[PDB]
Amino acid sequence: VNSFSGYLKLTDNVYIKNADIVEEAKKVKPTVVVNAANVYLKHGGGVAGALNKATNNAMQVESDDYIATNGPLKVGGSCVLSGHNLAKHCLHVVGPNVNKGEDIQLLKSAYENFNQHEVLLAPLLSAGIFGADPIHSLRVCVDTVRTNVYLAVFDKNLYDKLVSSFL
Ligand SMILES: CNC(=O)Nc1ccc(C(=O)N[C@@H]2c3cccc(O)c3C[C@@H]2C(=O)O)cc1
């Protein structure tokens, strides 16, 4: 039993809810919140910008030190940093950005990072300003992630479409 509330069960291990991932993280305080990161950990907009804003820019300060030490992530890769006031840990995962021409096959590799964590609160990777089809992203998620994932979908219209078209 865990504290995630009001989710629709899609599969044995994947759950979804129309929710603001920032508000959901503040209420649940999960072990892991996933950020929709880029390779530079520049959290300017979309989910990343929102999570970083909710940390009063502490996420960005920590991220800049991480990059200064380690260099950029790989598309499809991840790193674990602090969750600040939102979660114990933040798993920064880089899905491909279609608006940069990145290979959509890297989406499966990106979701594989979730399997290193037993339970996660996460957005749909490569959705939103990353330019991929969220229906496709949900399908890859369900077919790749084996650990327990609670997906927060900000847009109600998209949530309903994600739900009604789900196979
Ligand atoms: C104060 N709180 C706050 O600003 N929160 C916040 C801000 C932005 C996002 C975001 O960009 N979401 C994206 C989006 C939008 C439309 C269609 C979409 O396919 C997606 C994918 C993303 C998602 O829904 O996971 C999420 C939360």
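Cβ sites come from the backbone with ideal geometry, for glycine too, and all protein chains shown count toward neighbours. Where a number appears in this text, it was derived from the coordinates with a stated rule and is not lab data.
Over 25 Å between Cα atoms, which of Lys27/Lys53; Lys29/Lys161; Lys9/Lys108; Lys27/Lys108; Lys108/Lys161; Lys9/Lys53 qualify?
On the way: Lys27/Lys53 16 Å; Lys29/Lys161 28 Å; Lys9/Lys108 21 Å; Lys27/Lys108 29 Å; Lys108/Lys161 22 Å; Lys9/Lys53 30 Å.
Going by Cα-Cα distance, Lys29/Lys161; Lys27/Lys108; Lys9/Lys53 fall outside the 25 Å limit.
Once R0 is set to 22 Å, what does the formula 1/(1 + (r/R0)^6) return for the Cβ-Cβ distance between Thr11 and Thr31, expressed as a FRET efficiency to the nearest 0.05? Kindly include the intermediate steps, with their values, before the conclusion.
Details: r = 21 Å, r/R0 = 0.94.
After rounding, the FRET efficiency stands at 0.60.
How much length would be gained if the chain were fully extended between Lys156 and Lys42, taking 0.36 nm per residue of separation minus their Cα-Cα distance, in nm to one decimal?
38.4 nm
GNM on the chain, C-alpha springs below 10 Å: top fluctuator among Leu106, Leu86, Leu124?
Greatest mean-square fluctuation among the candidates belongs to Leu106.
Per residue of the stretch 153-167, what does 6.51 cos²θ - 1.76 cosθ + 1.60 with θ = phi - 60° give for ³J(HN,Hα)? Whole Hz please, x for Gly and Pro, Karplus curve as stated.
Each residue of the stretch 153-167 in turn: 10, 5, 7, 4, 4, 5, 3, 4, 5, 4, 5, 5, 9, 5, 9 Hz.
What residue among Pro72, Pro123, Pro96 has the largest mean-square fluctuation in a Gaussian network model of the chain, using Cα springs under 10 Å?
Maximum among the listed residues: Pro72.
Mind putting a number on the dipole of the chain about its Cα centre? Charges go on the C-beta only, +1 for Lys and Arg and -1 for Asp and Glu, and I need it in Debye to the nearest 20.
On the way: 15 positive and 15 negative charges, 47 e Å.
For the chain, the charge dipole is close to 220 debye.
Between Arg139 and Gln116, what is the spin-label point distance in nm, taking each point 7 Å from the Cα along the Cα→C-beta axis?
Result for the modelled spin labels: 2.8 nm.
With both bridge residues required to lie in the stretch 8-165, what share of the DSSP beta bridges run antiparallel, to the nearest 5%? Show your work: numbers first, answer last.
Details: 7 of 22 bridges.
That works out to approximately 30 percent antiparallel.
Each residue of the stretch 49-62 in turn: what ³J(HN,Hα) in whole Hz from Karplus with 6.51, -1.76, 1.60 and θ = phi - 60°, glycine and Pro shown as x?
Here the 3J(HN,Hα) series is x, 5, 4, 4, 4, 5, 8, 6, 6, 5, 4, 5, 4, 4 Hz.
Between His92, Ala37, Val142, whose Cα lies farthest towards the positive end of the dipole of the stretch 8-165 when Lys and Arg beta carbons carry +1 and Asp and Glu beta carbons carry -1, centred on the Cα centre?
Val142
Could you state, as a whole-number percent, how many of the C-alpha pairs of the chain are farther apart than 25 Å? Could you put the intermediate results ahead of the total?
On the way: 3064 of 13861 pairs.
Looking at the chain, the distances longer than 25 Å represent 22 percent of pairs.
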